[PDB]
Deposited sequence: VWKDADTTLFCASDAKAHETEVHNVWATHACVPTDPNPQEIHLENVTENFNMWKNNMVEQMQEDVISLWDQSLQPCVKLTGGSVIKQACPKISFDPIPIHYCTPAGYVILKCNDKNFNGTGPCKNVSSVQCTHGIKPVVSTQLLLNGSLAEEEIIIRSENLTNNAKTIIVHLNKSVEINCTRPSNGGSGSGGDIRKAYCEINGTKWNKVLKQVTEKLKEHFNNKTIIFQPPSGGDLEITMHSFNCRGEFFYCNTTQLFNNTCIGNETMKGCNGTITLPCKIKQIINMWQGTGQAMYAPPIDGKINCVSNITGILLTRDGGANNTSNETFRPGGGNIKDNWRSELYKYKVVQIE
């Protein structure tokens, strides 16, 4: 028997000690080796409640990634709280690796295996494990990249769907590749992402159909972000250490609800830090072909308020609270203390 509890987790990974890549280096010093023979016990006739929106595992993962980025990605200039901090900003090797979150003695992680579990409420198929799956700490806005897919139907997750101020996590059940490149040989900050339009519009149509199930069959309309920092109004992510900002206007096209969709992107040196601490300025992009091919596995949306009088609901890509990114991966886990 057990009870819900918070405690300090540890991390495990297959990081390489000879690698200079920054996630590898961090994990080599902050994590332990993985278990080659992990035990997972199905709990017969046990129903457990989960709440992904109140899960201290998320805060702990956030603390880790902040620590990793603070040690590994210091900028040439940092503008924070009115002060100016200057330091060396060498180019790095950057490519996220899976990190497992694990409980210490006397604790265990319960895992919800209900395929269509929305993240809050009872779960009928529960197992216990010592560690989560390997979660890559991919920082992005608008689109969730390289995450885990929903096993059955597309899932809409929100702390409170009725409250337009709460971000919606759309959990996709089928990956759509996004292929971003800053071509080798001109404007060195100019880039672009390519997406199969036939595949993407198929998925967006399905997302629309799911949203209709939640919003009483009202007409579902997508619109560009209405304002805010560039990190939010654009799909931002890090590719090989460089900060990409991509215009997603073409991705959320109501008309298509079949060719190649090419989003215009730019590598930015000056950034609003997701840690919420201010601005960071980095050096110009490395030479050559900068390329990242990722799976879109989720979408972060915000719904327009005040459309209750209408027959429409309007959605705009969003994000910016990176805790939501971790939430999208940790939603099926909770820590309990064994009594």
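K.L.:
So which bits of the deposited chain never got modelled?
P.N.:
According to the deposited record, C-alpha coordinates are absent for 186-191, 264-271, which together make up the missing parts.
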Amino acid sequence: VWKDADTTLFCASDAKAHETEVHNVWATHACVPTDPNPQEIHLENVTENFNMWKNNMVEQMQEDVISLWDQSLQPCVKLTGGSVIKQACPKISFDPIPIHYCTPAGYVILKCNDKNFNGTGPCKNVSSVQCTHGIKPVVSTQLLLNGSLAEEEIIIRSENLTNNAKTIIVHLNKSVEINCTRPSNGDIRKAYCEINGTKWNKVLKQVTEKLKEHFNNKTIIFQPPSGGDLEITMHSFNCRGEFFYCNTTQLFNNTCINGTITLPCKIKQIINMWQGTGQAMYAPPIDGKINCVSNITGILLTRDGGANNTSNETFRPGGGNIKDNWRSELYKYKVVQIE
From here on, numbers count along this sequence of modelled residues.
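Take the two forms, find the largest set of C-alpha atoms that superpose within 1.5 Å, and that set is the rigid core.
K.L.:
C-alpha RMS from this form in 6 other deposited structures of this protein, rigid core superposed: larger for 73-81 or 89-97?
P.N.:
This comes out as 73-81, the stretch further from the shown form in 6 other deposited structures of this protein.
K.L.:
Once the rigid core is lined up, would you tell me whether 276-284 or 293-301 has the higher RMS CA deviation in 6 other deposited structures of this protein?
P.N.:
Per-stretch check in 6 other deposited structures of this protein: the more divergent one is 276-284.
K.L.:
As stated in the PDB record, which stretch has the larger average Cα B-factor, 232-240 or 206-214?
P.N.:
If you average the C-alpha B-factors of 232-240 and of 206-214, the larger mean comes out for 206-214.
K.L.:
Taking the recorded C-alpha temperature factors, which stretch has the higher mean, 74-82 or 167-175?
P.N.:
Mean B over CA atoms: larger for 74-82.
K.L.:
Maximum C-alpha temperature factor per the entry, among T310, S67, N49, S294, belongs to which one?
P.N.:
The listed residue with the largest C-alpha B-factor is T310.
K.L.:
Per the PDB entry, which option out of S148, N118, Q130, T255 has the greatest Cα B factor?
P.N.:
Highest C-alpha B-factor among the listed residues goes to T255.
K.L.:
Would you check the entry's CA temperature factor for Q223 and let me know if it's in the chain's lowest, middle or highest third?
P.N.:
Answer is highest: the recorded C-alpha B-factor places it there.
K.L.:
Considering every modelled residue of the chain and its Cα B-factor in the PDB entry, is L330 in the lowest, middle or highest third?
P.N.:
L330: CA B-factor falls in the lowest third of its chain.
K.L.:
Determine, from the deposited record, the chain-internal third of the Cα B-factor for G305: lowest, middle or highest.
P.N.:
Answer is highest: the recorded C-alpha B-factor places it there.
K.L.:
Going by the entry, which third of its chain does the Cα temperature factor of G298 land in?
P.N.:
It belongs to the lowest third of the chain when residues are ordered by C-alpha B-factor.
K.L.:
Ordered by C-alpha B-factor within the chain, which third holds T103? Give me lowest, middle or highest, please.
P.N.:
According to the entry, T103 has a C-alpha B-factor in the chain's lowest third.
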